[PDB]
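K.L.:
Just passing along the structure, written as structure tokens.
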Amino acid sequence: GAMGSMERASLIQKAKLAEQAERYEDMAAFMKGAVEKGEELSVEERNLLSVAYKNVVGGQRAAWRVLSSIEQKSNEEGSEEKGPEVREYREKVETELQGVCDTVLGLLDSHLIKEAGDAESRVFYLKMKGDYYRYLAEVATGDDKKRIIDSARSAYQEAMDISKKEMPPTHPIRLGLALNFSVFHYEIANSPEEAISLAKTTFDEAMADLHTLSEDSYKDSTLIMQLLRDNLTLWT
Amino acid sequence: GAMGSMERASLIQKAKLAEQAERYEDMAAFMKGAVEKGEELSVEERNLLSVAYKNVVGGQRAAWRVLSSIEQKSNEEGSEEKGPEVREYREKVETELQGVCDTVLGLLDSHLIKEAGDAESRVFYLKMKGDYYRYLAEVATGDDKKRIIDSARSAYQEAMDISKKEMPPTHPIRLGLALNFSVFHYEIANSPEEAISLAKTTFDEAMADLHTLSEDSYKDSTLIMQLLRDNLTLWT
Amino acid sequence: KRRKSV
Amino acid sequence: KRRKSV
Ligand SMILES: [Ca+2]
Ligand SMILES: [Ca+2]
Ligand SMILES: [Cl-]
Ligand SMILES: [Cl-]
Ligand SMILES: [Cl-]
Ligand SMILES: [Cl-]
Ligand SMILES: [Cl-]
Ligand SMILES: [Cl-]
Ligand SMILES: [Cl-]
Ligand SMILES: [Cl-]
Ligand SMILES: [Mg+2]
Ligand SMILES: [Mg+2]
Ligand SMILES: [Mg+2]
Ligand SMILES: [Mg+2]
Ligand SMILES: [Mg+2]
Ligand SMILES: [Mg+2]
Ligand SMILES: [Mg+2]
Ligand SMILES: [Mg+2]
């Protein structure tokens, strides 16, 4: 792409500089260039790729929700007609967000997932695939919506099945996967009971394994466990 | 431009939606499209144009300062050589920032300033011209640097001369112009005494005119007066 | 106030 | 900590 001429190491070094400068669109472009070099990603590199895109897409999602709320209000009885501009601009933001999701899903399909053999890489990428189909599902209203939801479910389920077999119940990737799959159940699949059961069981199985951990691993795991508790508190 | 086909009113309405969504690059593009319709800007519209670009350029300036600090450290004795990437990426961010400054300065030259006859429009645009030459001066290191500084000075000075003749000493535009011209003296022109004298005199002349104001005008003016005090406190 | 994801 | 502009 436009990053075709830059060394892989220089793309990684610039992604880290962009992160320090809070320039997340640049960070994501540098990391997309690094992926497109064709080599597998190390754990540090996979987390640079995730950090970059989650911040880009998170700006688009928060903007989309502001716009959608405005558009819904314009559709209430007694609202003055203001023309097509709110729908057009929500659509503009929606299309760009879909495009970011398609770009991430494209990197995973070409060819991050197929070369990822170890559990920590394979589960991380499948969680990513679930997360970006979930962001597509958040905006979907069409004939497509069930299949987008199903794609998110299927990716999360394959990541859950590997993580349960190959990772300890305290592993931060296994914990974050379960936190996000639980959010998928609650907010996307209309299954709040499955969301609460998943968050509860995940929290309790990690609590029972904390004893095996070093002080630093303990802090990594308990951080994610508190997110699961925050959602159980919100939902119960 | 790409906004050539959109109604002026629809560009204004979308700039306001983008502001609500914190999508400041979109807001600036919509407002550039509105300017390029050729009609003068109302006071509300001029402030949408300023808000949009100040947020875009403010993200670039804060990133440039992070990068420049990193690059300066890489240049200290005992620093390990890491290659050209920090300079390249600071330059990339610098070039984009210059481009935003050139775009704003271009709108002012073509043709916002030449059609602006009332003091509140003419002083606002000349302050804008001073502010964007000042942002160019913050990054300038070349043969150009003195003339960029001089361009900022000249624009601020013409805005100061009109504002003193045609606006009350409490006017928020006159106060914000003086605050920024004082910052120009302190940080760009190596004239901290002129910066302190300007902030002091501006604050004291506004204090003496507060009695003429309504409660809402009083709040507008005192807000800016507190910024002048904050800088006097920092500098003395 | 918003549910957590990571 | 940073000087104010507007
Ligand atoms: Ca129940
Ligand atoms: Ca002195
Ligand atoms: Cl960004
Ligand atoms: Cl639009
Ligand atoms: Cl899948
Ligand atoms: Cl509760
Ligand atoms: Cl933006
Ligand atoms: Cl670069
Ligand atoms: Cl001038
Ligand atoms: Cl002091
Ligand atoms: Mg190479
Ligand atoms: Mg009505
Ligand atoms: Mg309309
Ligand atoms: Mg952690
Ligand atoms: Mg028209
Ligand atoms: Mg050394
Ligand atoms: Mg290097
Ligand atoms: Mg004010």
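Identifiers for the structure tokens are assigned positionally: chains receive A, B, ... in sequence, residues are indexed from 1 per chain, and ligands are indexed from 1 in the order shown.
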Compute the chain A side of the contact with chain B at 12 Å, counting only C-alpha atoms, and hand it back as a count of residues only.

P.N.:
47

K.L.:
For ligand 1, return the neighbouring residues as a ChimeraX atom specification (distance at most 12 Å; only C-alpha atoms and all ligand atoms).

P.N.:
/A:191-197,235-236

K.L.:
Keeping N, CA, C and O atoms, export the residues of the selection given above as a compact mmCIF listing (two decimals), in the first residue's frame.

P.N.:
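After the write, part28.txt holds the following:
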# COMPACT_ATOMS: atom_id res chain seq x y z
N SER A 191 -29.60 -11.51 24.65
CA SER A 191 -29.49 -12.71 25.58
C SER A 191 -28.84 -12.24 26.90
O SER A 191 -27.68 -12.64 27.22
N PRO A 192 -29.51 -11.36 27.67
CA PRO A 192 -28.86 -10.88 28.90
C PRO A 192 -28.61 -12.03 29.88
O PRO A 192 -27.64 -11.94 30.67
N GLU A 193 -29.45 -13.03 29.93
CA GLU A 193 -29.08 -14.15 30.87
C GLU A 193 -27.77 -14.83 30.53
O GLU A 193 -27.00 -15.17 31.44
N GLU A 194 -27.50 -15.07 29.24
CA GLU A 194 -26.27 -15.72 28.82
C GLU A 194 -25.10 -14.76 29.14
O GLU A 194 -24.05 -15.16 29.57
N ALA A 195 -25.33 -13.48 28.94
CA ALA A 195 -24.27 -12.46 29.23
C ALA A 195 -23.90 -12.49 30.70
O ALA A 195 -22.72 -12.43 31.03
N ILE A 196 -24.89 -12.55 31.60
CA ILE A 196 -24.61 -12.56 33.06
C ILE A 196 -23.98 -13.87 33.48
O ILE A 196 -22.99 -13.89 34.23
N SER A 197 -24.48 -14.99 32.95
CA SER A 197 -23.92 -16.31 33.30
C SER A 197 -22.46 -16.36 32.88
O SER A 197 -21.57 -16.75 33.64
N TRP A 235 -25.72 -4.81 35.40
CA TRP A 235 -26.80 -5.63 34.79
C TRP A 235 -27.69 -6.35 35.79
O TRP A 235 -28.66 -7.01 35.38
N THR A 236 -27.28 -6.32 37.08
CA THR A 236 -28.03 -7.06 38.11
C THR A 236 -28.50 -6.14 39.23
O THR A 236 -29.05 -6.57 40.28

K.L.:
Residues at most 10 Å from ligand 10, using only C-alpha atoms and all ligand atoms? Could they come as a VMD selection string?

P.N.:
chain B and resid 229 to 236

K.L.:
Keeping only N, CA, C and O atoms, write those residues as a compact mmCIF listing (two decimals), in the first residue's frame.

P.N.:
# COMPACT_ATOMS: atom_id res chain seq x y z
N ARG B 229 -5.30 36.98 33.35
CA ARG B 229 -4.71 36.83 34.73
C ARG B 229 -3.95 35.55 34.88
O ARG B 229 -2.87 35.55 35.51
N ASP B 230 -4.44 34.46 34.30
CA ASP B 230 -3.73 33.18 34.42
C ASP B 230 -2.32 33.33 33.80
O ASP B 230 -1.34 32.79 34.31
N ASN B 231 -2.21 34.00 32.66
CA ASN B 231 -0.90 34.17 32.06
C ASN B 231 0.00 35.11 32.86
O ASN B 231 1.16 34.82 33.01
N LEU B 232 -0.57 36.19 33.36
CA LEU B 232 0.24 37.13 34.28
C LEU B 232 0.74 36.37 35.48
O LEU B 232 1.93 36.49 35.85
N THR B 233 -0.14 35.52 36.00
CA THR B 233 0.32 34.66 37.16
C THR B 233 1.44 33.70 36.80
O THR B 233 2.43 33.46 37.58
N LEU B 234 1.32 33.04 35.65
CA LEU B 234 2.37 32.18 35.19
C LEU B 234 3.72 32.91 34.94
O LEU B 234 4.82 32.35 35.23
N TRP B 235 3.64 34.14 34.43
CA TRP B 235 4.84 34.84 33.90
C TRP B 235 5.51 35.77 34.90
O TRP B 235 6.57 36.36 34.58
N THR B 236 4.84 36.00 36.05
CA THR B 236 5.38 36.95 37.04
C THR B 236 5.58 36.29 38.41
O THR B 236 5.91 36.94 39.43

K.L.:
Mind pulling up the distance from CA of residue 174 in chain A to CA of residue 6 in chain C?

P.N.:
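CA of residue 6 in chain C sits 11.3 Å away from CA of residue 174 in chain A.
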
K.L.:
Enumerate as a list in words the residues belonging to chain A that approach chain C to within 7 Å, with only C-alpha atoms taken into account.

P.N.:
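The answer, sorted by residue number, is residues 176, 179, 180, 227 and 231 of chain A.
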
K.L.:
Restricted to N, CA, C and O atoms, what would the selected residues look like written as a PDB file, in the first residue's frame?

P.N.:
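Result saved to result-v9.pdb:
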ATOM      1  N   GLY A 176     -10.600 -11.048  28.666  1.00  0.00           N
ATOM      2  CA  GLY A 176     -11.119  -9.941  27.822  1.00  0.00           C
ATOM      3  C   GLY A 176     -12.045 -10.500  26.727  1.00  0.00           C
ATOM      4  O   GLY A 176     -13.052  -9.874  26.371  1.00  0.00           O
ATOM      5  N   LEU A 179     -15.301 -11.182  28.599  1.00  0.00           N
ATOM      6  CA  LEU A 179     -15.974  -9.889  28.825  1.00  0.00           C
ATOM      7  C   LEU A 179     -16.696  -9.406  27.550  1.00  0.00           C
ATOM      8  O   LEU A 179     -17.877  -9.006  27.636  1.00  0.00           O
ATOM      9  N   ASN A 180     -16.003  -9.418  26.408  1.00  0.00           N
ATOM     10  CA  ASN A 180     -16.624  -8.930  25.139  1.00  0.00           C
ATOM     11  C   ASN A 180     -17.666  -9.841  24.582  1.00  0.00           C
ATOM     12  O   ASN A 180     -18.705  -9.330  24.116  1.00  0.00           O
ATOM     13  N   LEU A 227     -13.518  -5.425  35.410  1.00  0.00           N
ATOM     14  CA  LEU A 227     -14.422  -5.058  34.318  1.00  0.00           C
ATOM     15  C   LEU A 227     -15.616  -6.023  34.290  1.00  0.00           C
ATOM     16  O   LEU A 227     -16.766  -5.594  34.037  1.00  0.00           O
ATOM     17  N   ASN A 231     -19.630  -4.912  34.901  1.00  0.00           N
ATOM     18  CA  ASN A 231     -20.791  -5.234  34.091  1.00  0.00           C
ATOM     19  C   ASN A 231     -21.854  -6.006  34.858  1.00  0.00           C
ATOM     20  O   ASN A 231     -23.014  -5.711  34.702  1.00  0.00           O
TER      21      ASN A 231
END

K.L.:
Please check which protein, DNA or RNA residues sit within 9 Å of ligand 16, counting only C-alpha atoms and all ligand atoms, and write them as a count of residues only.

P.N.:
4

K.L.:
Quote the spacing between CA of residue 1 in chain B and CA of residue 46 in chain B in Å to one decimal place.

P.N.:
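Atom-to-atom, CA of residue 1 in chain B and CA of residue 46 in chain B are spaced 19.4 Å apart.
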
K.L.:
When you count only C-alpha atoms and all ligand atoms, which of these residues is closest to ligand 3: A:114, A:32, A:211, A:54?

P.N.:
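Of A:114, A:32, A:211, A:54, the one nearest ligand 3 is A:54, counting only C-alpha atoms and all ligand atoms.
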
K.L.:
Once you count only C-alpha atoms and all ligand atoms, which residues end up within 9 Å of ligand 5, and could you hand them over as an MDAnalysis selection string?

P.N.:
chainID A and resid 126 129:130 151:159

K.L.:
Please dump the current selection as a PDB file, in the first residue's frame; keep N, CA, C and O atoms.

P.N.:
ATOM      1  N   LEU A 126      -9.075 -14.167  16.786  1.00  0.00           N
ATOM      2  CA  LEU A 126     -10.499 -14.512  16.681  1.00  0.00           C
ATOM      3  C   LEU A 126     -11.353 -13.566  17.540  1.00  0.00           C
ATOM      4  O   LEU A 126     -12.455 -13.243  17.153  1.00  0.00           O
ATOM      5  N   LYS A 129     -11.787 -10.586  15.380  1.00  0.00           N
ATOM      6  CA  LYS A 129     -12.806 -10.826  14.382  1.00  0.00           C
ATOM      7  C   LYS A 129     -14.199 -10.717  14.979  1.00  0.00           C
ATOM      8  O   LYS A 129     -15.078 -10.059  14.381  1.00  0.00           O
ATOM      9  N   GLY A 130     -14.390 -11.329  16.127  1.00  0.00           N
ATOM     10  CA  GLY A 130     -15.708 -11.124  16.834  1.00  0.00           C
ATOM     11  C   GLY A 130     -15.979  -9.665  17.146  1.00  0.00           C
ATOM     12  O   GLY A 130     -17.119  -9.238  16.952  1.00  0.00           O
ATOM     13  N   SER A 151     -21.723 -14.056  12.367  1.00  0.00           N
ATOM     14  CA  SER A 151     -20.311 -14.035  12.144  1.00  0.00           C
ATOM     15  C   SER A 151     -19.585 -13.643  13.390  1.00  0.00           C
ATOM     16  O   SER A 151     -18.540 -14.250  13.666  1.00  0.00           O
ATOM     17  N   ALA A 152     -20.094 -12.619  14.106  1.00  0.00           N
ATOM     18  CA  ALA A 152     -19.499 -12.260  15.406  1.00  0.00           C
ATOM     19  C   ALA A 152     -19.585 -13.474  16.371  1.00  0.00           C
ATOM     20  O   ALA A 152     -18.570 -13.870  16.956  1.00  0.00           O
ATOM     21  N   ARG A 153     -20.754 -14.081  16.476  1.00  0.00           N
ATOM     22  CA  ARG A 153     -20.945 -15.214  17.403  1.00  0.00           C
ATOM     23  C   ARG A 153     -19.934 -16.321  17.090  1.00  0.00           C
ATOM     24  O   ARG A 153     -19.300 -16.874  17.961  1.00  0.00           O
ATOM     25  N   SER A 154     -19.888 -16.689  15.812  1.00  0.00           N
ATOM     26  CA  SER A 154     -19.010 -17.820  15.397  1.00  0.00           C
ATOM     27  C   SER A 154     -17.514 -17.544  15.726  1.00  0.00           C
ATOM     28  O   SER A 154     -16.794 -18.450  16.190  1.00  0.00           O
ATOM     29  N   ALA A 155     -17.045 -16.318  15.459  1.00  0.00           N
ATOM     30  CA  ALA A 155     -15.664 -16.009  15.768  1.00  0.00           C
ATOM     31  C   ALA A 155     -15.408 -16.066  17.308  1.00  0.00           C
ATOM     32  O   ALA A 155     -14.396 -16.648  17.766  1.00  0.00           O
ATOM     33  N   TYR A 156     -16.344 -15.463  18.064  1.00  0.00           N
ATOM     34  CA  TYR A 156     -16.187 -15.519  19.543  1.00  0.00           C
ATOM     35  C   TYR A 156     -16.214 -16.923  20.054  1.00  0.00           C
ATOM     36  O   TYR A 156     -15.443 -17.283  20.973  1.00  0.00           O
ATOM     37  N   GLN A 157     -17.094 -17.757  19.438  1.00  0.00           N
ATOM     38  CA  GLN A 157     -17.262 -19.132  19.961  1.00  0.00           C
ATOM     39  C   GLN A 157     -15.994 -19.905  19.689  1.00  0.00           C
ATOM     40  O   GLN A 157     -15.547 -20.644  20.577  1.00  0.00           O
ATOM     41  N   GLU A 158     -15.395 -19.780  18.493  1.00  0.00           N
ATOM     42  CA  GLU A 158     -14.166 -20.543  18.210  1.00  0.00           C
ATOM     43  C   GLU A 158     -13.052 -20.047  19.157  1.00  0.00           C
ATOM     44  O   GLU A 158     -12.241 -20.843  19.647  1.00  0.00           O
ATOM     45  N   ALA A 159     -12.997 -18.733  19.420  1.00  0.00           N
ATOM     46  CA  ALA A 159     -11.956 -18.203  20.332  1.00  0.00           C
ATOM     47  C   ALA A 159     -12.219 -18.779  21.744  1.00  0.00           C
ATOM     48  O   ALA A 159     -11.270 -19.125  22.448  1.00  0.00           O
TER      49      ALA A 159
END

K.L.:
Kindly provide, as a list in words, all nucleotide and amino acid residues lying within 6 Å of ligand 14, counting only C-alpha atoms and all ligand atoms.

P.N.:
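Counting only what the definition allows, namely only C-alpha atoms and all ligand atoms, the set is residues 172, 220, 221, 223 and 224 of chain A.
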